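Chemist: Dropping the structure in here first, questions after.
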Amino acid sequence: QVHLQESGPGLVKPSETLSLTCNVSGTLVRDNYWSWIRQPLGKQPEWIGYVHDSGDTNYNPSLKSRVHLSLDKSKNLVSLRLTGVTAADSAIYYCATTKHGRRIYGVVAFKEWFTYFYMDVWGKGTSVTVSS
Amino acid sequence: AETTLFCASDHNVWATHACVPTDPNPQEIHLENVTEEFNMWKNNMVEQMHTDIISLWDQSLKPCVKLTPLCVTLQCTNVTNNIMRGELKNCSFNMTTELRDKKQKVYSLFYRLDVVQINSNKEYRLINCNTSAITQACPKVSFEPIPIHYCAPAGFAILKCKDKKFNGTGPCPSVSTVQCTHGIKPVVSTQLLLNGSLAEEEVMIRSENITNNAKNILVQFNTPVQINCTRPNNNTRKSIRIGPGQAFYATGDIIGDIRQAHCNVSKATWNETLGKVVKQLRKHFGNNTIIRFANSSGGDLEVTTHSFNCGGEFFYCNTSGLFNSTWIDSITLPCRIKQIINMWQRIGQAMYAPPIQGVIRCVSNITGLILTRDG
Amino acid sequence: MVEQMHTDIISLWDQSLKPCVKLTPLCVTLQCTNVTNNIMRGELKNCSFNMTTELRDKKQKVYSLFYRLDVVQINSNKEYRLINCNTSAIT
Amino acid sequence: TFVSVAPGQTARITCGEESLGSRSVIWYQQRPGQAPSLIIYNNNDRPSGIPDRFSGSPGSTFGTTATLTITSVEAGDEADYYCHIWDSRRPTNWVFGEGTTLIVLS
Amino acid sequence: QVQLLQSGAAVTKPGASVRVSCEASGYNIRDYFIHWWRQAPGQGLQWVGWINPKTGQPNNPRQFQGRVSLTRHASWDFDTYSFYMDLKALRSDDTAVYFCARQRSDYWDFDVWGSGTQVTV
Ligand SMILES: *[C@@H]1O[C@H](CO)[C@@H](O[C@@H]2O[C@H](CO)[C@@H](O[C@@H]3O[C@H](CO[C@H]4O[C@H](CO)[C@@H](O)[C@H](O)[C@@H]4O)[C@@H](O)[C@H](O[C@H]4O[C@H](CO)[C@@H](O)[C@H](O)[C@@H]4O[C@H]4O[C@H](CO)[C@@H](O)[C@H](O)[C@@H]4O[C@H]4O[C@H](CO)[C@@H](O)[C@H](O)[C@@H]4O)[C@@H]3O)[C@H](O)[C@H]2NC(C)=O)[C@H](O)[C@H]1NC(C)=O
Ligand SMILES: *[C@@H]1O[C@H](CO)[C@@H](O[C@@H]2O[C@H](CO)[C@@H](O[C@@H]3O[C@H](CO[C@H]4O[C@H](CO)[C@@H](O)[C@H](O)[C@@H]4O)[C@@H](O)[C@H](O[C@H]4O[C@H](CO)[C@@H](O)[C@H](O)[C@@H]4O)[C@@H]3O)[C@H](O)[C@H]2NC(C)=O)[C@H](O)[C@H]1NC(C)=O
Ligand SMILES: *[C@@H]1O[C@H](CO)[C@@H](O[C@@H]2O[C@H](CO)[C@@H](O[C@@H]3O[C@H](CO)[C@@H](O)[C@H](O[C@H]4O[C@H](CO)[C@@H](O)[C@H](O)[C@@H]4O)[C@@H]3O)[C@H](O)[C@H]2NC(C)=O)[C@H](O)[C@H]1NC(C)=O
Ligand SMILES: *[C@@H]1O[C@H](CO)[C@@H](O[C@@H]2O[C@H](CO)[C@@H](O[C@@H]3O[C@H](CO)[C@@H](O)[C@H](O)[C@H]3NC(C)=O)[C@H](O)[C@H]2NC(C)=O)[C@H](O)[C@H]1NC(C)=O
Ligand SMILES: *[C@@H]1O[C@H](CO)[C@@H](O[C@@H]2O[C@H](CO)[C@@H](O)[C@H](O)[C@H]2NC(C)=O)[C@H](O)[C@H]1NC(C)=O
Ligand SMILES: *[C@@H]1O[C@H](CO)[C@@H](O[C@@H]2O[C@H](CO)[C@@H](O)[C@H](O)[C@H]2NC(C)=O)[C@H](O)[C@H]1NC(C)=O
Ligand SMILES: *[C@@H]1O[C@H](CO)[C@@H](O[C@@H]2O[C@H](CO)[C@@H](O)[C@H](O)[C@H]2NC(C)=O)[C@H](O)[C@H]1NC(C)=O
Ligand SMILES: *[C@@H]1O[C@H](CO)[C@@H](O)[C@H](O)[C@H]1NC(C)=O
Ligand SMILES: *[C@@H]1O[C@H](CO)[C@@H](O)[C@H](O)[C@H]1NC(C)=O
Ligand SMILES: *[C@@H]1O[C@H](CO)[C@@H](O)[C@H](O)[C@H]1NC(C)=O
Ligand SMILES: *[C@@H]1O[C@H](CO)[C@@H](O)[C@H](O)[C@H]1NC(C)=O
Ligand SMILES: *[C@@H]1O[C@H](CO)[C@@H](O)[C@H](O)[C@H]1NC(C)=O
Ligand SMILES: *[C@@H]1O[C@H](CO)[C@@H](O)[C@H](O)[C@H]1NC(C)=O
Ligand SMILES: *[C@@H]1O[C@H](CO)[C@@H](O)[C@H](O)[C@H]1NC(C)=O
Ligand SMILES: *[C@@H]1O[C@H](CO)[C@@H](O)[C@H](O)[C@H]1NC(C)=O
Ligand SMILES: *[C@@H]1O[C@H](CO)[C@@H](O)[C@H](O)[C@H]1NC(C)=O
Ligand SMILES: *[C@@H]1O[C@H](CO)[C@@H](O)[C@H](O)[C@H]1NC(C)=O
Ligand SMILES: *[C@@H]1O[C@H](CO)[C@@H](O)[C@H](O)[C@H]1NC(C)=O
């Protein structure tokens with residue numbers, strides 16, 4: 001039983017660095033991958049990025065140059081600090097234990113495969129909004 | 001003596017329909033007590049067969065479409081793919097239509113080996129435009145090697161040397177007379193003889209001079225090494241009418257994944273095949289030598305790679321893993337396909353092999369090698 | 001003898017056509033009106049086209065009477081083309 | 001898309017674009033008022049706890065959209081349904097597909 | 001007539017690369033391999049290696065493996081045939097005169113050679 005509880009301010013000034021955290025229980029941050037998912041209201045979820053300790057870190061190219069994910073073992077936290085906040089960033093933010101798998105369609109020696117990331121048990125969600 | 005040998009055989013490039021019907025049971029007369037001096041390196045049959053194969057290739061290309069219009073500037077993007085793999089380019093061009101006063105915006109997938117970049121960074125041209133004129137091979141004539149029996153005229157004969165250990169030249173006891181040679185498949189290839197006849201007793205090393213590096217070393221295997229190819233791309237074709245009654249068959253969308261073509265060779269067989277080869281080479285080079293096998297030093301694509309025709313598509317396999325050992329589970333050889341082919345080392349007679357639909361596979365049998373020693 | 005004669009007649013027809021002119025340029029859009037007549041009788045069409053001249057960089061506006069069976073309509077309602085342009089080369 | 005199916009029937013929820021290459025679509029269910037959850041990964045493989053009624057179209061077929069078939073639809077299956085397509089011949093999709101709200105007539 | 005016009009003398013430094021051209025003319029270049037030799041100052045000749053003019057397949061001894069690169073380039077209709085010799089890991093040892101010759105039969109008769117190209121490192 002892995003429990004995730006994401007904490008955030010709930011409201012952030014525009015043009016100010018929004019910050020979130022993901023309290024983890026039942027598993028260690030160092031073990032598995034960790035992704036964040038930003039769902040705007042009334043729109044499909046968006047995969048904003050995933051972070052690992054071995055060096056696997058990749059963020060959405062649109063959100064790139066304004067996002068940064070960190071893994072803190074000491075308090076078992078995943079920190080998402082999305083600088084350059086704008087109106088469109090109002091959304092519900094979830095934290096998830098990403099699990100990877102290899103889809104192989106040809107010769108593995110020729111790199112004819114790819115890693116698909118499917119998100120296992122999520123958290124609850126923090127509905128961060130942006131207003132003056 | 002030397003004479004004009006004709007053909008005998010049991011929609012093909014080598015016009016096998018025109019051949020005389022061969023004898024269902026060839027009559028071979030074992031000549032007793034007779035010794036004859038052979039020389040495979042001054043054989044006139046070889047030069048005559050080379051001329052015949054070139055002439056048949058020319059005559060099969062005579063009535064087919066001329067892709068002179070296809071030499072133009074091509075706006076090429078990458079094929080839709082995630083991924084080097086620039087191996088396919090989606091190239092758009094203004095082709096001539098049935099009407100001389102109209103033009104059509106068409107596209108085609110061209111391999112990267114078939115297009116060179118001019119200048120604007122997206123502008124390309126076919127590789128042969130600045131050196132040759134290109135003639136589309138007819139889609140209905142097959143490149144499959146059909147066996148051909150070379151029969152001499154009446155008043156002549158052919159002497160088959162039945163000696164298993166034949167060094168290639170010199171006197172051969174146990175000669176026999178035949179009316180036609182065995183079915184010799186015209187298999188064009190480099191670095192490996194495919195679908196060939198095998199030695200009966202031992203691996204056989206045959207060189208004109210084993211001291212001259214310029215002379216290639218023909219190796220013949222007593223047991224074949226099976227080689228399996230696949231071109232995993234689906235590669236549908238599409239006819240573009242380039243003129244009145246003239247079509248150009250171009251690759252369209254690929255139905256599936258863009259995968260590198262290859263051919264596999266069993267590792268446990270190819271090893272110990274090279275074992276027999278190194279034994280027979282140490283026979284000539286002494287027992288204390290270290291018989292290394294390196295990969296191709298360089299040159300054209302036709303000779304740096306195992307080139308061949310499989311399923312109608314022209315493959316060029318790397319074979320860098322095959323020729324790897326010092327010699328004191330499959331071997332996937334990645335292959336690249338070309339469509340602009342200049343056979344017989346010529347210029348001015350390039351051809352466009354049309355794209356083959358479906359998925360091509362080889363199951364060939366490596367029955368020899370063409371090696372070259374380092375001086 | 002019948003099959004051999006068929007082959008001979010076809011071969012002779014082919015060889016007689018070998019050295020003659022190739023009308024590849026003649027496959028173009030043709031502005032066709034009716035021939036000057038009162039009168040169906042659309043059986044002849046007065047068709048004008050831009051033909052290539054002796055010089056490759058010049059063109060000439062010429063005309064010709066073509067039978068209706070030899071021209072099909074493309075699309076602009078006056079634009080035509082020879083019947084064989086989309087299936088064959090004409091000699 | 002608001003595909004409505006009465007309970008006890010079979011519902012078909014399609015998502016995404018036409019397949020190009022070998023694909024591994026991942027299906028998600030979002031009940032109204034909670035976070036999403038996983039159903040299928042690698043086109044047919046469900047984790048423990050997901051019933052066998054959920055099945056996905058194979059990713060080995062090219063030229064077919066991703067579909068999720070739900071046999072014997074229940075009020076639990078009442079939820080939005082998103083798809084995360086992982087195509088070999090397309091870049092990584094960093095946004096889920098347009099969800100389809102399955103409506104159970106109960 | 002048969003002519004192997006070489007390039008001018010070039011100067012390089014240890015580590016740099018040198019190219020030696022051997023523009024050939026006056027005969028069927030296809031049927032005759034082109035061999036490269038190296039005359040050190042006050043020494044004998046040394047075999048750099050042959051290039052096939054038809055296929056372009058090079059052939060060098062163990063000393064020049066991964067080091068020398070024999071290439072060719074034929075103009076239209078093969079009438080002219082520029083043969084290039086490239087060196088990569090150049091040293092002071094490799095200061096010499098690089099000749100290009102035409103093997104004209106199985107006996108390795110080099111009836112024609114090049115003018116010479118003095119590579120000084
Ligand atoms: C030369 O030799 C080399 C080797 O040295 C050869 O290299 C091989 O090339 C093959 C391709 O040509 C390649 O094949 C693939 O292997 C994949 C992995 O299989 C292995 O692992 C899986 C577990 O990950 C095991 O199940 C399996 O037993 C093996 O151990 C497979 O993923 C591939 O098959 C799937 O994809 C292809 C491509 O579209 C489909 O045709 C095929 O039907 C499979 O697709 C189904 O299964 C996948 C499962 O991931 C699903 O995602 C997909 O939607 C399909 O689902 C159906 O089936 C599942 C069954 O689980 C079911 O649940 C669902 O409902 C559907 O019915 C593919 O087979 C070799 O791996 C590779 N070998 C190497 C590199 O070792 C080379 O080809 C040789 N060259 C020659 C012969 O010329
Ligand atoms: C479409 O194609 C893209 C590439 O264009 C694919 O995206 C790549 O996916 C691979 C596989 O997940 C990624 O490679 C992984 O990256 C790590 C290396 O560092 C990354 O991150 C740093 C910091 O940002 C960058 O500097 C660096 O360039 C890399 O981006 C490794 O951690 C990973 O190793 C994995 O495999 C080894 C196997 O031995 C395991 O031991 C490891 O634990 C780990 O699992 C891996 O190499 C790559 O970074 C991605 N690139 C990009 C640009 O995103 C898509 O997958 C593909 N999509 C399809 C087909 O849908
Ligand atoms: C060495 O020899 C082997 C055979 O011993 C040879 O492999 C064979 O290649 C031929 C290529 O023609 C294969 O035959 C084809 O197979 C498939 C499946 O049936 C079809 O696509 C083909 O038919 C279509 O295409 C033909 C033109 O290629 C048309 O004539 C025909 O009407 C169809 O349109 C065709 O039958 C044959 O199956 C394999 N043999 C196997 C797998 O056992 C190999 O290519 C040879 N190697 C070399 C280098 O020559
Ligand atoms: C015979 O085997 C050799 C290895 O034993 C191959 O040598 C390899 O060739 C590659 C392609 O030319 C080289 O990659 C190139 O490396 C250079 C130098 O670093 C880069 O500039 C190039 O960009 C790079 N090529 C690409 C496409 O990125 C390998 O470095 C080289 N390996 C070694 C160890 O030297 C021969 O190619 C091979 N020959 C044949 C005919 O198959
Ligand atoms: C090659 O490129 C052409 C365009 O030059 C692609 O054809 C287009 O495909 C898109 C996406 O399906 C369509 O919306 C366009 O209408 C097509 N345009 C045409 C046919 O002119 C084609 O799909 C590409 N082929 C590949 C990647 O195999
Ligand atoms: C044939 O395959 C060999 C490897 O078997 C290729 O050499 C590799 O080249 C890549 C770059 O293309 C290097 O990263 C590898 O390190 C090389 N491998 C080895 C073992 O040296 C070679 O390039 C291939 N041939 C061609 C013509 O591309
Ligand atoms: C076919 O049409 C052409 C025009 O395309 C006709 O030629 C014209 O005839 C008129 C009337 O005599 C002359 O005034 C013009 O100068 C002619 N123009 C030319 C030659 O370009 C021609 O008479 C028509 N032929 C028919 C009906 O047989
Ligand atoms: C297209 O292919 C080239 C290689 O030919 C590659 O460098 C480039 O990034 C590719 N461009 C795109 C837009 O994918
Ligand atoms: C095709 O012709 C059009 C005419 O407008 C031109 O813009 C385009 O660049 C041409 N394409 C090529 C590949 O030459
Ligand atoms: C076979 O031919 C070679 C050619 O060099 C010759 O030297 C040798 O003696 C011959 N060997 C036998 C066993 O006849
Ligand atoms: C290639 O694509 C066709 C459709 O164009 C399909 O019917 C066929 O099965 C494919 N071939 C394969 C997978 O071998
Ligand atoms: C070649 O292909 C056949 C196809 O049935 C397979 O049985 C055989 O094992 C293959 N051999 C190798 C060496 O891959
Ligand atoms: C091949 O067999 C020899 C002899 O047993 C062995 O030494 C060698 O490791 C094997 N593999 C290769 C690549 O030569
Ligand atoms: C070639 O041989 C070397 C060892 O000499 C080996 O490490 C390398 O992987 C081999 N390359 C192949 C099989 O392509
Ligand atoms: C080699 O392969 C062919 C098929 O490509 C097969 O018919 C032949 O019998 C094989 N040779 C031997 C000696 O088994
Ligand atoms: C021209 O001929 C067409 C039939 O092809 C006829 O219907 C039309 O009325 C004619 N036009 C004139 C102006 O005579
Ligand atoms: C002939 O060329 C001229 C150029 O001005 C054009 O107006 C006319 O329509 C062309 N005629 C045809 C039949 O294409
Ligand atoms: C033709 O084009 C190639 C590629 O640009 C160029 O290297 C070559 O010198 C040109 N000439 C010949 C005769 O190939």
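Chemist: Put +1 on the Cβ of every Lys and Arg and -1 on every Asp and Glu Cβ in the protein assembly as shown; which of E:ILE29, E:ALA96, B:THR223 then has its Cα farthest towards the positive end of the dipole?
Modeler: E:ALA96
Chemist: Here's something else I'd like to know. Treating only the Cβ atoms of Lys and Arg (+1) and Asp and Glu (-1) as charged, compute the dipole magnitude of region D:53-96 about its Cα centre; round to the nearest 20 debye.
Modeler: On the way: 3 positive and 5 negative charges, 68 e Å.
In total the dipole reaches around 320 debye.
Chemist: Quick one: Karplus J couplings for region A:75-84, per residue in order, coefficients 6.51, -1.76, 1.60, θ = phi - 60°, nearest Hz, x for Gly and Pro?
Modeler: 10, 6, 10, 10, 9, 10, 10, 8, 5, x
Chemist: Students often forget the sequence filter, so: which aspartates and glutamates lie under 19 Å Cα-Cα from B:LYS122 once same-chain residues fewer than 8 apart are removed?
Modeler: Partners within reach: B:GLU87, B:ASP114.
Chemist: List the pairs from B:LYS165/B:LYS279; B:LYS66/B:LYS140; A:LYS75/A:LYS124; A:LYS111/B:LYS276 whose alpha-carbon separation is above 22 Å, in the order I gave them.
Modeler: On the way: B:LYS165/B:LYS279 15 Å; B:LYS66/B:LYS140 16 Å; A:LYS75/A:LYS124 19 Å; A:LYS111/B:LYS276 34 Å.
Listed pairs above 22 Å: A:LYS111/B:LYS276.
Chemist: Just rank B:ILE134, B:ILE210, B:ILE127, fewest to most, by other beta-carbon atoms within 10 angstrom.
Modeler: On the way: B:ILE134 24, B:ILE210 14, B:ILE127 21.
The fewest-first ordering by Cβ neighbours comes to B:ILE210, B:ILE127, B:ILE134.
Chemist: With a cut-off of 8 Å between alpha carbons and a minimum separation of six or more residues, what is the relative contact order of chain E in percent? If you can, show how the numbers build up before the last one.
Modeler: Working: 291 pairs, mean separation 43.0, N = 121.
This gives 36 percent for chain E.
Chemist: Stokes-Einstein at 10 °C, 1.306 mPa s, Kirkwood radius from Cα pairs: D for chain D in µm² s⁻¹?
Modeler: Translational D for this selection: 115 µm²/s.
Chemist: I'm checking a number: the convex hull volume of the Cα atoms of chain B, normalised per residue, in Å³. What is it? The partial results should precede the final answer.
Modeler: On the way: hull volume 63.9 nm³, N = 375.
Spread over its residues, the Cα hull of chain B gives 170 Å³ apiece.
Chemist: Pop out the ³J(HN,Hα) list for region C:17-28 in order, Karplus 6.51 cos²θ - 1.76 cosθ + 1.60 with θ = phi - 60°, rounded to Hz; leave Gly and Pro as x.
Modeler: Karplus-based 3J(HN,Hα) across region C:17-28 equals 7, 4, x, 8, 5, 9, 8, 5, x, 5, 7, 8 Hz.
Chemist: Among the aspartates and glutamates, which fall within straight-line cross-link reach of C:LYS59, defined as a Cα-Cα distance under 16 Å, with same-chain neighbours fewer than 8 residues apart omitted?
Modeler: B:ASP101
Chemist: Okay, next question. Quick one: Karplus J couplings for region A:92-104, per residue in order, coefficients 6.51, -1.76, 1.60, θ = phi - 60°, nearest Hz, x for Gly and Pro?
Modeler: 9, 9, 10, 10, 9, 8, 5, 10, 9, x, 9, 8, 10
Chemist: Separate question: Sequence-distant or interchain residues sharing an amide H contact under 5 Å with B:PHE314, placed H: which?
Modeler: For B:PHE314, whose amide H was placed from the backbone, the distant partners under 5 Å are B:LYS338.
Chemist: Which value results when the Cα radius of gyration for the protein assembly as shown is divided by 2.2 N^0.38 Å?
Modeler: 1.26
Chemist: What Kirkwood hydrodynamic radius do you get for region A:62-108 when you take the inverse of the mean 1/r over all pairs of distinct Cα atoms, in Å? Kindly include the intermediate steps, with their values, before the conclusion.
Modeler: Values: mean 1/r = 0.0711 Å⁻¹.
After inverting the pairwise mean of 1/r, the radius is 14.1 Å.
Chemist: Shifting gears a bit: Could you state the number of Å between the C-alpha centres of region B:98-154 and region B:303-352?
Modeler: 18
Chemist: Name the long-range amide H neighbours of B:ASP23: under 5 Å, sequence gap of 5 or more, or other chain; modelled H, no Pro or chain starts.
Modeler: Long-range HN contacts for B:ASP23: none found.
Chemist: Distance check, please: which entries in E:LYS13/E:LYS88; B:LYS164/B:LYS283; B:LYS89/E:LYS54; B:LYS42/B:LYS283; B:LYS103/C:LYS18 exceed 20 angstrom between their Cα atoms?
Modeler: Working: E:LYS13/E:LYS88 11 Å; B:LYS164/B:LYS283 17 Å; B:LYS89/E:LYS54 30 Å; B:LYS42/B:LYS283 25 Å; B:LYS103/C:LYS18 29 Å.
Beyond 20 Å between Cα atoms: B:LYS89/E:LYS54; B:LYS42/B:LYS283; B:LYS103/C:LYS18.
Chemist: Which of the trypsin sites (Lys or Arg not before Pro) found in region E:74-121 are loop residues per DSSP with 13 or fewer other Cβ atoms within 10 Å of their Cβ?
Modeler: Details: sites: E:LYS88, E:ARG91, E:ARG102, E:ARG104; in loops: E:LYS88, E:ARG91, E:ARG104.
For trypsin sites (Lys or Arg not before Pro) across region E:74-121 that sit outside H, G, I, E and B with at most 13 neighbouring Cβ atoms in 10 Å, the list reads E:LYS88, E:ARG91.
Chemist: Have a look at B:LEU198, B:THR251, B:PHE38 and report the one farthest towards the positive end of the charge dipole of chain B, computed about the Cα centre with Cβ charges (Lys/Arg +1, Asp/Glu -1).
Modeler: Farthest towards the positive pole: B:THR251.
Chemist: Using +1 on the beta carbon of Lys and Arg, -1 on that of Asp and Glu, and nothing else charged, what's the dipole of chain A about the Cα centre, debye to 20?
Modeler: Computed charge dipole of chain A: roughly 80 debye.
Chemist: Something else: In Å, what Rg and Dmax follow from the Cα atoms of region D:7-61?
Modeler: Every Cα atom of region D:7-61 included, Rg and Dmax give 12.3, 35 Å.
Chemist: Would you please give the residues with an amide H less than 5 Å from that of A:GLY123, counting only those at least 5 places away or on a separate chain, with H modeled from the backbone geometry?
Modeler: A:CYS95
Chemist: Can you grab the distance from the C-alpha centre of region A:1-27 to the C-alpha centre of region E:19-40, Å, no decimals?
Modeler: Their Cα centres are 74 Å away from one another.
Chemist: While we're looking at this one, here's another question. Using only C-alpha positions, report the orientation-averaged shadow area of the convex hull of chain C, nm², one decimal. Could you put the intermediate results ahead of the total?
Modeler: Details: hull surface 36.0 nm².
For chain C, averaging the hull's shadow over all directions gives 9.0 nm².
Chemist: Dipole magnitude of region D:1-104 about its Cα centre, charges +1 at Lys/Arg Cβ and -1 at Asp/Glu Cβ only, in debye to the nearest 20? If you can, show how the numbers build up before the last one.
Modeler: Details: 7 positive and 10 negative charges, 38 e Å.
Using only the charged Cβ atoms, the result is roughly 180 debye.
Chemist: If you bin every alpha carbon distance in chain A into 5 Å steps from zero, what whole percent lands in each bin?
Modeler: Over chain A, the share of Cα pairs per 5 Å bin runs 2, 10, 20, 22, 19, 12, 7, 4, 2, 1, 0, 0 percent.
Chemist: Still on this structure, I have one more. Which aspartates and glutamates, on any chain, are close to C:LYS45 with Cα under 17 Å apart, when same-chain ones fewer than 8 places away are left out?
Modeler: C:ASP70, C:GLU79
Chemist: Take the alpha-carbon centre of region C:13-43, take the same for region B:161-217, and report the distance between them in whole Å.
Modeler: Centre-to-centre distance over Cα atoms comes out at 62 Å.
In this analysis, Cβ positions are derived from the backbone assuming ideal geometry, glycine residues included, and neighbour counts consider all displayed protein chains. Laboratory data are not the source of any read-out in this text; all were calculated from the coordinates shown.
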